[PDB]
Structures are given as structure tokens and as C-alpha cells.
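Peer 1: Quick one: structure below, then a few questions.
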Amino acid sequence: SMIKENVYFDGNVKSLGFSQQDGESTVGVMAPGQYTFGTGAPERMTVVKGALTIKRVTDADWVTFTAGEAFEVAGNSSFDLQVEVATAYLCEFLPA
Amino acid sequence: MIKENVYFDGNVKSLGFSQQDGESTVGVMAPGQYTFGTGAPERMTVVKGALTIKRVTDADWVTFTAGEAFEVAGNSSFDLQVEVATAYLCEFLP
């Protein structure tokens, strides 16, 4: 209700959605593995602990984002992630 | 791999995960006021939002905003006031 749990990829990605006055954000964990996700709205992912190695439509090569780094994903798109250690992240909509 | 825990009638939820340095958690606290106990000392980092806390050593409530971190003594307890839903990272100290 207040905090929405989502489970993806047979339990290898889990997230908690929460709302502030400007709307919803999510914090989640990805277990080691390789995943694909689609986007609706563009979004900003911040690595909280661990690292995400990603390939978006604009990336000629895979790019590793470590803790404290943030990347954006285009709207209505998709991207791949490689996870070598269980990694926590924050996911937000872009400012309007 | 990823252990979900739920507390306080759904007002606190956490996801526990292990790296080579051991276990860490990320979680969310919905607006409200909570008391938590500790075993090992803990380091809590505010990911988004803010936590206003009172530990045994705090004469007054202390507010930590996004990016800021605080430590809680081992084998202790502390109170939190949450005014907006707040995400946090919780780690062991050593």
C-alpha cells in the first residue's frame, strides 16, 4: 500500500516503490546476472552500493556505473544490465 | 538471494543482499514514528528523503537528509520520525 514491492526475473530483481509529494521513486536490488528492462518515461538510476554494467541504445560499448554514479535511460526504450555483485539502486523519474 | 523483510504493518520494508563484504540492506520507511533495536552497530545512509532520529546519546532529535549518514551503537535502540517516505541503506560498521 504505502510501500509497493515488485519482484522481477524469478526473484533476482526486487524493488520498493514509495511516494513523496512530487510522486513515486523506487529503491531496489539486482542479484548477480544479466537482465533487460524496458522504459516508459525516461528515468535516472543511481547506484547505491555495488555496480551496474549497462548497454543502452546509444552505448557502443558496455559501461560500468559504480556506487554514487548515475545514468539516464531514454523514454520508451530498453537497456541491458550485467550485475557482478548484488547491487542496490535508486530509480527516479526525470525532473519536469 | 534478495530477502524482503516487512515491519510495522507494512510501514517499513527492506531488501537484504550479500556482497563479498557480507550483508547489507536497502529499505523504505513510510511517514510515521518508529523504534528499532540494534545488535551489531549499524551505519545508516539516507538515500532519498530524511530521517529525524533520537539515539541514547542524542539530547535532542537530529535530522539527516539525503546523502548523509549516521551510526547507531551496538546492542542499543533508537527512535525515528519520518515526515516523507524515505529510502535508506543500512550497513554493518567494521
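Convention: chains lettered A, B, ... in C-alpha cells order; per-chain residue numbering from 1; ligands numbered from 1 as shown.
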Using only C-alpha atoms, tabulate the residues of chain A lying at most 12 Å from any atom of chain B, each with its closest atom pair and that distance in Å to one decimal, by chain and increasing residue number, as CSV.

Peer 2:
residue,atom,partner,partner_atom,distance
A:1,CA,B:10,CA,7.7
A:2,CA,B:30,CA,6.6
A:3,CA,B:11,CA,7.0
A:4,CA,B:13,CA,9.1
A:5,CA,B:13,CA,8.5
A:6,CA,B:4,CA,10.6
A:7,CA,B:2,CA,10.0
A:8,CA,B:2,CA,11.3
A:9,CA,B:2,CA,11.8
A:10,CA,B:1,CA,10.5
A:11,CA,B:2,CA,7.3
A:12,CA,B:1,CA,6.9
A:13,CA,B:2,CA,7.7
A:14,CA,B:2,CA,7.2
A:15,CA,B:15,CA,8.0
A:16,CA,B:28,CA,7.2
A:17,CA,B:28,CA,8.4
A:18,CA,B:85,CA,6.3
A:19,CA,B:85,CA,6.2
A:20,CA,B:84,CA,5.9
A:21,CA,B:84,CA,7.9
A:22,CA,B:84,CA,10.7
A:23,CA,B:85,CA,10.5
A:24,CA,B:85,CA,9.6
A:25,CA,B:48,CA,8.9
A:26,CA,B:87,CA,8.4
A:27,CA,B:87,CA,6.9
A:28,CA,B:26,CA,7.3
A:29,CA,B:15,CA,7.1
A:30,CA,B:2,CA,8.1
A:31,CA,B:1,CA,6.6
A:32,CA,B:1,CA,9.1
A:33,CA,B:1,CA,11.4
A:46,CA,B:47,CA,9.7
A:47,CA,B:47,CA,10.3
A:48,CA,B:47,CA,7.7
A:49,CA,B:89,CA,8.5
A:50,CA,B:19,CA,8.2
A:51,CA,B:19,CA,11.2
A:67,CA,B:47,CA,11.9
A:68,CA,B:67,CA,9.7
A:83,CA,B:19,CA,11.6
A:84,CA,B:19,CA,9.7
A:85,CA,B:19,CA,6.0
A:86,CA,B:19,CA,6.0
A:87,CA,B:17,CA,7.9
A:88,CA,B:26,CA,6.9
A:89,CA,B:26,CA,8.8
A:90,CA,B:47,CA,7.8
A:91,CA,B:48,CA,10.5
A:92,CA,B:48,CA,10.2

Peer 1: Residues within 10 Å of residue 93 of chain B, please, as a short mmCIF file (atom, residue, chain, number, x, y, z; two decimals) with N, CA, C and O atoms, in the first residue's frame. Count only C-alpha atoms; anything in the same chain fewer than 4 positions from it doesn't count.

Peer 2:
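After the write, out_4.cif holds the following:
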data_model
loop_
_atom_site.label_atom_id
_atom_site.label_comp_id
_atom_site.auth_asym_id
_atom_site.auth_seq_id
_atom_site.Cartn_x
_atom_site.Cartn_y
_atom_site.Cartn_z
N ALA B 40 24.62 -5.76 16.18
CA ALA B 40 25.85 -5.12 15.75
C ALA B 40 25.59 -3.62 15.53
O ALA B 40 24.47 -3.22 15.17
N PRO B 41 26.60 -2.77 15.74
CA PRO B 41 26.45 -1.36 15.37
C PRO B 41 26.15 -1.24 13.88
O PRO B 41 26.57 -2.07 13.07
N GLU B 42 25.40 -0.19 13.54
CA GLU B 42 24.89 -0.01 12.18
C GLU B 42 25.28 1.37 11.66
O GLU B 42 25.38 2.33 12.43
N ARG B 43 25.46 1.46 10.35
CA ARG B 43 25.63 2.73 9.65
C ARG B 43 24.49 2.87 8.67
O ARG B 43 24.35 2.05 7.75
N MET B 44 23.65 3.88 8.87
CA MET B 44 22.50 4.13 8.01
C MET B 44 22.76 5.38 7.18
O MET B 44 23.11 6.43 7.73
N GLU B 71 25.52 6.72 12.56
CA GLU B 71 25.79 5.43 13.15
C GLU B 71 24.97 5.25 14.42
O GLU B 71 24.67 6.23 15.13
N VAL B 72 24.57 4.01 14.68
CA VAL B 72 23.84 3.65 15.88
C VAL B 72 24.68 2.63 16.63
O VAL B 72 25.22 1.69 16.03
N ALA B 73 24.81 2.83 17.94
CA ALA B 73 25.62 1.92 18.74
C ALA B 73 25.06 0.51 18.70
O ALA B 73 23.87 0.29 18.46
N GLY B 74 25.95 -0.46 18.92
CA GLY B 74 25.50 -1.83 19.05
C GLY B 74 24.69 -2.05 20.31
O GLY B 74 24.77 -1.29 21.28
#

Peer 1: For each of B:66, B:82, B:59, B:53, take the minimum atom-to-atom distance to residue 32 of chain B, counting only C-alpha atoms, then give the residue where this is smallest.

Peer 2: B:82

Peer 1: Write out as a ChimeraX atom specification all residues of segment 22-85 of chain A that DSSP puts in strand (DSSP E or B) for this structure's backbone.

Peer 2: /A:23-30,33-38,43-49,51-55,63-66,70-73,78-83

Peer 1: Now that the selection is made, can you save its residues with N, CA and C atoms as a compact mmCIF listing (two decimals), in the first residue's frame?

Peer 2:
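The result, written out as again33.txt:
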# COMPACT_ATOMS: atom_id res chain seq x y z
N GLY A 23 5.57 12.68 -6.17
CA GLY A 23 5.35 11.39 -6.79
C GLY A 23 6.23 10.24 -6.33
N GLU A 24 6.34 9.21 -7.17
CA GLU A 24 6.94 7.93 -6.80
C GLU A 24 8.39 7.81 -7.23
N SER A 25 9.17 7.10 -6.40
CA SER A 25 10.53 6.67 -6.71
C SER A 25 10.63 5.21 -6.31
N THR A 26 11.73 4.55 -6.69
CA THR A 26 11.92 3.18 -6.25
C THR A 26 13.36 2.96 -5.82
N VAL A 27 13.54 2.11 -4.81
CA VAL A 27 14.86 1.60 -4.45
C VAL A 27 14.82 0.08 -4.58
N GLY A 28 15.87 -0.51 -5.15
CA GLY A 28 15.83 -1.92 -5.44
C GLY A 28 17.18 -2.58 -5.35
N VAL A 29 17.17 -3.89 -5.57
CA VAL A 29 18.37 -4.71 -5.58
C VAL A 29 18.32 -5.62 -6.80
N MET A 30 19.46 -5.78 -7.47
CA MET A 30 19.62 -6.77 -8.52
C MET A 30 20.68 -7.77 -8.09
N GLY A 33 23.82 -11.43 -12.34
CA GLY A 33 23.15 -11.97 -13.50
C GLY A 33 23.13 -10.94 -14.61
N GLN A 34 22.31 -11.21 -15.62
CA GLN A 34 22.15 -10.34 -16.80
C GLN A 34 20.67 -10.15 -17.10
N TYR A 35 20.24 -8.90 -17.22
CA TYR A 35 18.83 -8.53 -17.27
C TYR A 35 18.58 -7.54 -18.39
N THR A 36 17.33 -7.50 -18.84
CA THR A 36 16.88 -6.50 -19.78
C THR A 36 15.65 -5.83 -19.18
N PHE A 37 15.57 -4.52 -19.33
CA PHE A 37 14.40 -3.78 -18.87
C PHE A 37 13.95 -2.79 -19.92
N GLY A 38 12.64 -2.60 -20.00
CA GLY A 38 12.08 -1.59 -20.86
C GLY A 38 11.74 -0.36 -20.05
N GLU A 43 14.18 7.69 -17.26
CA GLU A 43 14.43 7.51 -15.84
C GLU A 43 15.90 7.71 -15.54
N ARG A 44 16.17 7.99 -14.27
CA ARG A 44 17.52 8.19 -13.76
C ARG A 44 17.78 7.13 -12.71
N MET A 45 18.81 6.33 -12.92
CA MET A 45 19.23 5.30 -11.99
C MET A 45 20.50 5.77 -11.29
N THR A 46 20.51 5.70 -9.96
CA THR A 46 21.70 5.99 -9.18
C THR A 46 22.13 4.69 -8.50
N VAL A 47 23.40 4.35 -8.63
CA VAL A 47 23.92 3.16 -7.96
C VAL A 47 24.15 3.49 -6.49
N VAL A 48 23.51 2.74 -5.60
CA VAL A 48 23.64 2.96 -4.16
C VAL A 48 24.80 2.16 -3.57
N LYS A 49 24.92 0.88 -3.93
CA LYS A 49 26.02 0.05 -3.46
C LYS A 49 26.20 -1.07 -4.47
N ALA A 51 27.63 -2.20 -8.42
CA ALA A 51 27.90 -1.62 -9.72
C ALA A 51 26.95 -2.23 -10.74
N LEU A 52 26.57 -1.44 -11.74
CA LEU A 52 25.75 -1.91 -12.84
C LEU A 52 26.50 -1.65 -14.14
N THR A 53 26.66 -2.69 -14.96
CA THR A 53 27.30 -2.55 -16.26
C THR A 53 26.20 -2.60 -17.32
N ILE A 54 26.03 -1.51 -18.06
CA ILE A 54 24.82 -1.33 -18.85
C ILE A 54 25.14 -1.15 -20.33
N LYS A 55 24.13 -1.44 -21.15
CA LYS A 55 24.19 -1.15 -22.57
C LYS A 55 22.83 -0.61 -22.99
N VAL A 63 29.06 -0.08 -20.33
CA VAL A 63 29.60 0.95 -19.44
C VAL A 63 29.28 0.56 -18.00
N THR A 64 30.30 0.60 -17.15
CA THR A 64 30.13 0.24 -15.74
C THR A 64 29.91 1.50 -14.92
N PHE A 65 28.83 1.51 -14.15
CA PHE A 65 28.48 2.59 -13.24
C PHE A 65 28.65 2.05 -11.83
N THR A 66 29.49 2.71 -11.04
CA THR A 66 29.79 2.30 -9.68
C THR A 66 29.01 3.16 -8.69
N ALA A 70 25.39 7.98 -11.57
CA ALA A 70 24.01 7.96 -12.00
C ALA A 70 23.98 8.01 -13.51
N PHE A 71 23.04 7.27 -14.10
CA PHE A 71 22.85 7.27 -15.54
C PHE A 71 21.38 7.48 -15.85
N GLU A 72 21.12 7.97 -17.04
CA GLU A 72 19.76 8.14 -17.50
C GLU A 72 19.47 7.22 -18.67
N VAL A 73 18.22 6.76 -18.74
CA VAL A 73 17.76 5.90 -19.82
C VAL A 73 16.64 6.63 -20.53
N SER A 78 14.75 0.50 -24.17
CA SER A 78 15.13 -0.65 -23.37
C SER A 78 16.64 -0.63 -23.18
N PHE A 79 17.10 -1.38 -22.18
CA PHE A 79 18.53 -1.44 -21.91
C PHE A 79 18.88 -2.74 -21.21
N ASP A 80 20.13 -3.15 -21.34
CA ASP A 80 20.61 -4.37 -20.73
C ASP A 80 21.53 -4.03 -19.57
N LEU A 81 21.53 -4.90 -18.57
CA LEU A 81 22.40 -4.74 -17.41
C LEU A 81 23.10 -6.06 -17.11
N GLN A 82 24.39 -5.96 -16.80
CA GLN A 82 25.16 -7.06 -16.22
C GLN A 82 25.50 -6.67 -14.79
N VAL A 83 25.30 -7.61 -13.88
CA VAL A 83 25.47 -7.39 -12.46
C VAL A 83 26.43 -8.46 -11.96

Peer 1: What gap, in Å, lies between atom CA of residue 5 of chain B and atom CA of residue 61 of chain B?

Peer 2: 26.6 Å

Peer 1: Counting only C-alpha atoms, what is within 10 Å of residue 63 of chain B, bar same-chain residues fewer than 6 positions away, as a list in words?

Peer 2: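 Here the answer would be residues 50, 51, 52, 53, 54, 70, 80, 81 and 82 of chain B.
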
Peer 1: Just write the chosen residues, N, CA, C and O atoms, as a JSON list (two decimals), in the first residue's frame.

Peer 2:
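As a result, again09.json now contains:
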[["chain", "number", "residue", "atom", "x", "y", "z"],
["B", 50, "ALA", "N", 14.43, 12.00, 4.34],
["B", 50, "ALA", "CA", 15.12, 12.47, 5.53],
["B", 50, "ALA", "C", 14.66, 11.65, 6.72],
["B", 50, "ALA", "O", 13.50, 11.23, 6.78],
["B", 51, "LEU", "N", 15.57, 11.44, 7.67],
["B", 51, "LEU", "CA", 15.26, 10.74, 8.91],
["B", 51, "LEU", "C", 15.62, 11.65, 10.08],
["B", 51, "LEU", "O", 16.74, 12.18, 10.14],
["B", 52, "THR", "N", 14.69, 11.84, 11.00],
["B", 52, "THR", "CA", 14.93, 12.59, 12.22],
["B", 52, "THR", "C", 14.99, 11.60, 13.37],
["B", 52, "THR", "O", 14.01, 10.89, 13.63],
["B", 53, "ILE", "N", 16.14, 11.51, 14.04],
["B", 53, "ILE", "CA", 16.39, 10.38, 14.91],
["B", 53, "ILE", "C", 16.71, 10.83, 16.33],
["B", 53, "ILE", "O", 17.13, 11.97, 16.57],
["B", 54, "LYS", "N", 16.53, 9.91, 17.27],
["B", 54, "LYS", "CA", 16.96, 10.11, 18.66],
["B", 54, "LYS", "C", 17.58, 8.82, 19.16],
["B", 54, "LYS", "O", 16.87, 7.83, 19.39],
["B", 70, "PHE", "N", 24.53, 8.27, 9.46],
["B", 70, "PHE", "CA", 24.68, 8.26, 10.91],
["B", 70, "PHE", "C", 24.93, 6.84, 11.38],
["B", 70, "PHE", "O", 24.59, 5.87, 10.71],
["B", 80, "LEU", "N", 12.93, 7.01, 15.33],
["B", 80, "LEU", "CA", 12.96, 7.76, 14.08],
["B", 80, "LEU", "C", 11.61, 8.40, 13.83],
["B", 80, "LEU", "O", 10.57, 7.76, 14.03],
["B", 81, "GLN", "N", 11.63, 9.65, 13.37],
["B", 81, "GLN", "CA", 10.45, 10.31, 12.84],
["B", 81, "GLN", "C", 10.68, 10.49, 11.35],
["B", 81, "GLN", "O", 11.77, 10.91, 10.93],
["B", 82, "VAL", "N", 9.68, 10.13, 10.56],
["B", 82, "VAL", "CA", 9.76, 10.15, 9.11],
["B", 82, "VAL", "C", 8.58, 11.00, 8.65],
["B", 82, "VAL", "O", 7.43, 10.65, 8.94]]

Peer 1: Show me, as a ChimeraX atom specification, the residues that have an atom within 8 Å of residue 56 of chain B when counting only C-alpha atoms, minus same-chain residues fewer than 3 positions from it.

Peer 2: /B:76-78

Peer 1: Which polymer residues have any atom within 9 Å of an atom of residue 74 of chain A, counting only C-alpha atoms, with same-chain residues fewer than 4 positions away left out, as a list in words?

Peer 2: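 Near residue 74 of chain A, the qualifying residues are residues 39, 40, 41, 42, 43, 56, 57 and 78 of chain A.
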
Peer 1: At what distance in Å, to one decimal, does atom CA of residue 46 of chain B lie from atom CA of residue 69 of chain B?

Peer 2: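 According to the coordinates, atom CA of residue 69 of chain B and atom CA of residue 46 of chain B are separated by 6.2 Å.
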
Peer 1: One decimal, Å: what's the distance from atom CA of residue 90 of chain B over to atom CA of residue 38 of chain B, could you say?

Peer 2: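 One can read the atom CA of residue 90 of chain B to atom CA of residue 38 of chain B distance as 11.5 Å.
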